[PDB]
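Take a look at the structure below.
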Amino acid sequence: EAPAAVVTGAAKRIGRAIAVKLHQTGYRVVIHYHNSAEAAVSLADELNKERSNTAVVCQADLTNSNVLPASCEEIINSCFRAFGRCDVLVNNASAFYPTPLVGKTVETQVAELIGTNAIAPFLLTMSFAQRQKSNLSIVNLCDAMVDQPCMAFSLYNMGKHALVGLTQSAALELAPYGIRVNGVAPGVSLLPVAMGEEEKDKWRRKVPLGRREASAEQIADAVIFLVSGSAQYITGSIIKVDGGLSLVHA
Amino acid sequence: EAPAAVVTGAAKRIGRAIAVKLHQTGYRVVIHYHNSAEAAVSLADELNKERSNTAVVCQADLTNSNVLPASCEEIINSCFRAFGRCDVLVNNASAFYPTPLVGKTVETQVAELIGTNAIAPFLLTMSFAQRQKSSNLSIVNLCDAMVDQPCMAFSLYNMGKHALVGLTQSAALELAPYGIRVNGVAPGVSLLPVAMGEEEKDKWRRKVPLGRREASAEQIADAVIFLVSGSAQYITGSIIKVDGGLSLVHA
Amino acid sequence: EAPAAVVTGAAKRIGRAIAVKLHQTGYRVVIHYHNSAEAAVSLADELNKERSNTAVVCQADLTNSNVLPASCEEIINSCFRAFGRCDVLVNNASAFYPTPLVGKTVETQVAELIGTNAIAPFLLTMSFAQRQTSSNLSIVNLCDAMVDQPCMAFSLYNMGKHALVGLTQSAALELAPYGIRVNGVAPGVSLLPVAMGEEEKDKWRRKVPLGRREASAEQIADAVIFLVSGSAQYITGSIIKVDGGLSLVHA
Amino acid sequence: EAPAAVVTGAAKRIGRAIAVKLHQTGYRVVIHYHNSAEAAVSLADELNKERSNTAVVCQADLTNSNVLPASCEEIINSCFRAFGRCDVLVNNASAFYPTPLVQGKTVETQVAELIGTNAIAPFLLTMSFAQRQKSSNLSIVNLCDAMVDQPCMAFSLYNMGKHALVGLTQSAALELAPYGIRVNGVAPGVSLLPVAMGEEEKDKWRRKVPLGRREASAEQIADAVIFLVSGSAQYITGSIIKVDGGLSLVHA
Ligand SMILES: NC(=O)c1ccc[n+]([C@@H]2O[C@H](COP(=O)([O-])OP(=O)(O)OC[C@H]3O[C@@H](n4cnc5c(N)ncnc54)[C@H](OP(=O)(O)O)[C@@H]3O)[C@@H](O)[C@H]2O)c1
Ligand SMILES: NC(=O)c1ccc[n+]([C@@H]2O[C@H](COP(=O)([O-])OP(=O)(O)OC[C@H]3O[C@@H](n4cnc5c(N)ncnc54)[C@H](OP(=O)(O)O)[C@@H]3O)[C@@H](O)[C@H]2O)c1
Ligand SMILES: NC(=O)c1ccc[n+]([C@@H]2O[C@H](COP(=O)([O-])OP(=O)(O)OC[C@H]3O[C@@H](n4cnc5c(N)ncnc54)[C@H](OP(=O)(O)O)[C@@H]3O)[C@@H](O)[C@H]2O)c1
Ligand SMILES: NC(=O)c1ccc[n+]([C@@H]2O[C@H](COP(=O)([O-])OP(=O)(O)OC[C@H]3O[C@@H](n4cnc5c(N)ncnc54)[C@H](OP(=O)(O)O)[C@@H]3O)[C@@H](O)[C@H]2O)c1
Ligand SMILES: Nc1nc(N2CCSCC2)c2cc[nH]c2n1
Ligand SMILES: Nc1nc(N2CCSCC2)c2cc[nH]c2n1
Ligand SMILES: Nc1nc(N2CCSCC2)c2cc[nH]c2n1
Ligand SMILES: Nc1nc(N2CCSCC2)c2cc[nH]c2n1
Ligand SMILES: Nc1nc(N2CCSCC2)c2cc[nH]c2n1
Ligand SMILES: Nc1nc(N2CCSCC2)c2cc[nH]c2n1
Ligand SMILES: Nc1nc(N2CCSCC2)c2cc[nH]c2n1
Ligand SMILES: Nc1nc(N2CCSCC2)c2cc[nH]c2n1
């Protein structure tokens with residue numbers, strides 16, 4: 001019978017492309033979402049049309065708070081309830097906005113940016129590992145530019161840095177259970193509607209390999225590799241999918 | 001006129017040695033503490049005996065909470081009330097204990113470990129810089145040389161230190177326009193717990209290529225002094241390992 | 001037409017497994033060898049028995065010398081000669097032995113360790129690029145996961161693998177405009193040879209968090225295959241560890 | 001008795017600044033040079049004028065060849081001959097020029113010069129330095145490059161050389177730690193620019209640096225060297241200190 005995967009922030013964009021490829025590969029998927037309820041439901045419908053009873057949605061705010069552990073336990077619980085198993089966790093959900101050092105409160109920004117990008121991944125990893133009853137693995141969506149951070153994005157960058165540490169820490173600690181933990185680190189990918197042709201072009205032009213952004217599917221391809229039987233000896237690795245962007249000096 | 005430094009968790013061990021060396025170098029010091037009031041005050045008294053009116057203490061919990069930003073603002077404000085200036089911020093205070101993946105709730109652990117190691121440093125950096133909006137202004141973060149060879153069951157602590165690395169780098173870039181340098185010192189094995197069995201202390205000591213011993217607090221403090229000095233005025237965004245080669249040792 | 005690949009040091013062990021997988025995926029292949037001519041030829045016989053005229057062999061010493069550039073050009077030429085195209089280059093050939101700091105001369109060791117691990121890959125890279133719509137051109141360098149926790153007495157080997165990292169990154173940048181991707185695969189402990197003592201083999205195996213075993217040659221090859229595939233077409237400058245977590249383990 | 005130091009490529013620019021600062025701290029110095037004989041002799045003159053019998057010059061090509069090991073052994077031997085000891089080695093000499101991957105010197109000469117100076121000579125010097133040893137504070141400092149993981153276009157061999165030197169720094173730190181010899185590095189970003197560089201190209205480099213939009217002075221680089229050799233760095237080994245004013249942290 002078919003393995004099962006949770007993908008956080010899977011309603012749209014990169015998380016959706018990850019959910020789609022996992023499903024094409026034969027996974028049953030939990031499509032987690034926060035605000036994008038319509039897109040989530042529509043994706044589950046599309047996927048269930050392809051193979052019945054292979055997709056469910058699961059709503060949760062991944063902002064840090066005293067109930068985040070419960071929410072994260074519930075996401076994993078929702079995979080077992082629907083599919084009787086949980087083979088793969090993809091930590092993709094992520095808040096992203098500037099927090100300059102010099103109308104959300106600063107503690108709300110901390111809770112959002114650090115919760116989504118780091119604490120929730122940690123709690124989800126905890127619950128995933130504890131619920132284990134095979135090719136089990138976790139893939140974290142990191143950031144190829146983590147050591148060349150954008151100006152005024154401190155809290156975001158801190159979250160992505162903690163996510164690197166979690167990836168390495170959990171790889172080590174979960175290895176005795178046969179659970180692999182790895183990361184995929186995009187550079188410029190699927191820039192959204194709808195920043196100017198200006199700023200999109202400015203970022204696309206930085207990319208040595210083709211002067212273009214990654215497609216969502218290109219990011220998903222690397223996730224697919226890491227969860228596959230072709231990556232069974234791979235744990236604690238973070239694969240840049242950045243067309244060489246992080247190698248480019250000032 | 002004499003520059004001033006805030007050192008967090010400065011009552012004991014490594015932070016104390018940092019505050020002593022800064023004081024010996026000519027700084028006035030805010031000795032921040034959480035639970036260690038008696039040692040904090042004892043340090044302040046010793047330093048004030050050396051030079052009157054050069055050391056004050058400041059108490060705060062640096063666990064993450066709704067009140068942390070105001071607590072951090074108060075710490076910076078306190079250096080300005082005492083000394084009229086704040087030249088140097090040393091983020092040293094840190095909670096440290098295991099949080100295995102498989103008394104305290106996990107969200108408390110998050111609050112303490114990510115609060116002390118990362119969020120408090122960030123809020124302190126904001127407040128420090130906001131107050132600055134021949135001066136040699138800088139921040140030094142106490143990191144961890146073993147951050148990419150993490151210890152078993154220390155994921156939250158490790159996550160905290162990794163975030164601290166990101167902060168060190170992001171703030172270096174963002175504050176460079178104000179002449180504020182931001183750097184780190186990354187100990188390997190330094191001061192071991194008093195209560196740790198000497199036999200267990202020795203398993204750690206034996207891992208260190210250089211001398212098969214832990215770093216003194218003073219050796220950690222030496223790197224901090226360098227980073228804040230006029231000899232490091234082009235250095236920002238750098239994290240100096242002070243680890244006796246430990247991080248280079250394979251399994 | 002079927003794409004073609006050059007694999008250096010392909011007669012045995014990891015290079016053989018890479019050659020076989022590329023061939024299984026539909027590539028024609030040049031099996032480069034230095035001393036292992038019998039094994040290179042049995043490999044080509046096997047592969048050509050599956051699909052005719054799809055494997056050839058090519059001999060060369062990859063030690064640095066006055067003739068190395070010409071040898072490297074000839075390797076790439078052998079692929080164009082045999083197959084009309086060269087889509088993939090896998091730099092796998094590598095000399096490996098200790099060079100303590102305190103009967104080959106030291107300069108012969110420099111030539112072999114740095115030649116095979118760094119200089120020949122640079123020259124092969126030059127010749128590969130010089131010879132070049134819907135193509136998928138890439139280079140994969142066999143690096144080393146333990147490059148920043150190097151083994152005692154292996155400075156020149158380690159220097160060579162460090163230089164290969166540099167090449168991987170420099171070449172990814174410089175060849176990107178040509179559509180040529182350049183990536184690395186970094187084993188930890190893989191296919192420990194028959195020669196080595198079993199207690200020393202067991203020591204290395206026991207260090208590996210994921211299964212306390214070495215990687216098979218096929219496991220290393222899987223990562224190579226991924227990197228040369230259409231599934232990695234936005235990936236350049238990346239080095240993928242295939243090490244079962246070994247590099248993450250502290251002293 | 002005063003300690004002694006070898007500084008490679010020390011006749012001018014950063015290497016000079018290092019030798020001068022070491023000398024001011026109380027070291028006797030061997031000023032190595034290759035082609036800049038006049039500048040080297042002029043430096044030794046000044047230092048000797050400050051304290052008699054405290055500087056000597058030593059000529060050597062550090063291009064890789066089968067006699068490079070002898071040449072490096074002789075550099076260390078010259079420090080012992082002049083001063084009776086050798087406490088500090090600074091590996092500063094370096095060839096630097098592009099070597100484009102797609103199309104003067106043959107490529108094998110370019111390999112020998114770029115990889116020789118930046119990596120192999122440091123290795124051989126380190127071997128000889130350790131081999132010649134018996135409150136000592138023995139150390140090696142390697143001049144690295146903060147941009148090593150964001151390399152400049154068409155500088156493959158140079159970058160390979162600097163990467164190899166990182167590996168040496170790390171490997172030698174571990175292997176020489178038992179002898180009390182620390183090995184560390186200093187990694188400039190943009191420091192002293194070429195005389196001939198057009199001030200427009202110079203300003204393009206300057207404007208990249210977050211801390212001050214200016215290049216590091218030679219003294220700023222030397223300051224980090226001096227820290228690493230001092231008693232204030234006695235637990236530090238295997239460490240590479242960027243002196244780059246934030247440049248390596250700046251994205252494309
Ligand atoms: N795009 C890039 O160029 C790029 C570059 C580097 C790294 N990455 C990383 O790659 C991953 C995917 O990137 P992306 O651009 O597709 O991400 P994105 O669109 O910015 O966000 C992905 C999803 O995260 C979810 N999310 C945000 N805040 C949340 C919260 N408080 N609780 C729960 N979920 C929340 C949202 O769900 P709802 O829509 O359901 O609210 C959102 O759709 C991210 O981890 C990102 O940081 C992307
Ligand atoms: N010792 C080592 O081997 C080692 C190794 C690697 C890195 N480091 C780093 O170097 C630094 C110094 O190490 P250390 O061993 O001296 O540190 P430590 O003794 O564990 O902690 C230093 C101080 O942190 C303060 N602290 C802890 N929790 C706090 C909270 N919730 N709010 C406010 N302050 C709090 C405490 O102050 P009170 O006592 O006043 O409560 C404590 O004395 C730390 O950042 C540490 O992570 C140390
Ligand atoms: N095995 C591991 O645990 C491990 C760990 C980390 C990294 N790696 C890397 O992964 C790659 C494959 O490892 P491996 O253990 O399979 O390699 P290996 O057996 O040591 O050597 C591979 C081949 O390299 C060729 N070679 C050696 N010296 C040469 C020279 N002077 N000129 C031309 N060719 C020469 C040999 O070809 P002939 O037999 O034809 O002479 C040899 O069969 C290497 O790059 C290695 O550094 C391996
Ligand atoms: N300048 C920068 O912005 C910068 C940036 C990053 C890193 N660095 C590093 O910092 C160090 C000093 O930089 P720099 O600009 O002062 O260096 P440099 O002037 O390019 O070179 C220093 C010396 O190296 C010696 N040298 C060159 N080729 C040689 C050979 N074949 N044999 C022996 N010696 C040779 C030369 O000695 P003679 O003049 O006597 O012939 C030269 O004076 C270098 O290791 C460099 O890579 C500098
Ligand atoms: N969560 C998230 N979204 C991102 N987006 C969506 C908002 S606009 C630009 C791409 C990026 C980009 C780099 N890291 C990111 N992380
Ligand atoms: N990897 C990445 N890309 C970024 N870009 C390009 C993708 S879309 C928005 C700006 C930013 C911005 C802040 N941190 C970032 N990290
Ligand atoms: N640098 C470092 N040292 C550690 N040691 C040695 C010092 S005292 C306690 C254990 C630990 C433990 C978890 N993370 C650590 N990081
Ligand atoms: N905050 C903190 N405390 C530490 N302690 C606890 C008090 S005494 C033994 C060291 C260590 C050790 C490595 N990283 C650490 N971080
Ligand atoms: N070229 C090469 N061969 C290796 N071999 C063959 C000889 S014995 C150990 C496996 C190893 C091992 C780590 N890096 C290596 N590189
Ligand atoms: N990755 C790796 N493995 C090594 N091992 C384990 C494989 S077989 C021989 C020792 C060594 C030895 C020196 N450099 C090495 N690098
Ligand atoms: N040996 C060396 N020389 C350099 N010089 C002197 C010649 S022209 C360019 C500046 C630079 C510059 C960056 N890394 C360098 N390494
Ligand atoms: N650190 C650094 N600076 C560079 N610059 C700035 C200083 S002067 C010459 C160009 C170059 C050039 C090639 N590799 C370099 N590395």
Side-chain angles (χ1 to χ4, degrees), chain A residues 9 12-15 92-97 112-113 116-117 141-146 149-150 153 156-157 159-160 169 185-195 199-200 203 213 242 245, chain B residues 13 94 96-99 142-147 149-155 157-158 160-161 186-193 196 200-201 203-205 207-208 214-215 241-243 246-247, chain C residues 250-251, chain D residues 8-9 12-15 92-98 113-114 117-118 143-148 151-152 155 158-159 161-162 187-197 201-202 205 215-216:
Chain A
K12 299 197 297 190
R13 299 171 49 79
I14 286 167
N92 169 81
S94 169
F96 172 86
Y97 49 81
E112 290 186 350
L113 293 166
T116 56
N117 282 295
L141 275 283
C142 298
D143 185 335
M145 304 301 289
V146 78
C150 291
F153 281 76
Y156 166 79
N157 177 250
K160 291 301 198 189
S169 274
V188 169
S189 182
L190 202 74
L191 300 204
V193 306
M195 65 171 96
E199 202 173 30
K200 271 160 203 179
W203 285 96
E213 82 193 14
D242 78 342
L245 180 74
Chain B
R13 294 167 49 86
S94 166
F96 167 91
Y97 50 77
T99 60
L142 272 287
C143 298
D144 186 334
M146 306 303 294
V147 79
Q149 291 139 91
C151 299
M152 187 59 64
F154 281 86
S155 60
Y157 166 75
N158 187 253
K161 290 308 201 190
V189 183
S190 188
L191 294 189
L192 299 153
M196 176 184 283
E200 191 184 351
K201 286 192 180 89
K203 302 183 220 293
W204 283 102
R205 288 163 170 150
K207 300 174 191 297
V208 178
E214 76 273 36
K241 288 177 289 166
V242 187
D243 77 344
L246 171 71
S247 66
Chain C
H250 62 70
Chain D
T8 65
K12 51 197 195 203
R13 301 168 51 82
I14 283 151
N92 170 83
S94 165
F96 174 86
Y97 51 75
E113 296 189 338
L114 292 167
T117 57
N118 281 295
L143 272 289
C144 294
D145 184 334
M147 302 312 302
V148 76
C152 301
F155 282 81
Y158 166 81
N159 183 254
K162 288 305 197 193
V190 185
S191 186
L192 295 173
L193 303 163
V195 177
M197 178 177 289
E201 200 188 351
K202 295 192 191 226
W205 280 106
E215 71 267 35

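Counting starts at 1 for both ligands and their atoms, in listed order. Quick note on labels: first sequence line is chain A, next is B, and so on, each numbered from 1.
The closest side-chain heavy-atom distance from D:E215 to D:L193 is below 4.5 Å. Between B:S247 and B:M146 the shortest side-chain heavy-atom distance falls below 4.5 Å. Taking the side chain as every heavy atom from C-beta outward, B:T99 and B:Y157 never approach each other to under 4.5 Å. Side-chain contact between D:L143 and D:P188 is present, with heavy atoms from C-beta onward closer than 4.5 Å.
Taking each of B:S247, B:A186, B:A145, B:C151 in turn, the one with a heavy atom nearest to atom 14 (N) of ligand 7 proves to be B:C151.
Ranking the protein heavy atoms by distance from atom 7 (C) of ligand 7 puts B:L192 CD2, 3.9 Å first. Protein heavy atom closest to atom 1 (N) of ligand 5, with residue, atom name and distance, is A:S94 OG, 2.8 Å. For atom 4 (C) of ligand 7, the closest non-hydrogen atom on the protein side is B:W204 CH2, 4.1 Å. Of all protein heavy atoms, the one lying nearest to atom 3 (N) of ligand 5 is A:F96 CB, 3.7 Å. Scanning all protein heavy atoms for the shortest distance to atom 8 (S) of ligand 5 gives A:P192 CG, 3.5 Å. The protein atom (non-hydrogen) at minimum distance from atom 16 (N) of ligand 7 is B:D144 OD2, 3.1 Å.
Close placement of the A:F153 and A:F96 rings is indicated, their centers lying within 6.0 Å of each other.
Counting the atoms of ligand 7 from 1 in the order shown, those under 4.0 Å from a heavy atom of B:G188 are 1 (N), 2 (C), 3 (N). Shown in contact with B:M146 at under 4.0 Å from a heavy atom are these atoms of ligand 7, numbered in order with element: 1 (N).
Contact annotation: D:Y158 has at least one heavy atom less than 4.0 Å from an atom of ligand 11. Heavy-atom separations between A:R13 and ligand 5 include at least one value shorter than 4.0 Å.
Separating the CE atom in A:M195 from the CH2 atom in A:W203 is a distance of 9.0 Å, to the nearest 0.5 Å.
Annotation for D:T117 and D:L114: closest pair OG1-O, 3.7 Å, computed over non-hydrogen atoms.
In this model, a donor atom of one side chain and an acceptor atom of the other lie less than 3.5 Å apart for A:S94 and A:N117.
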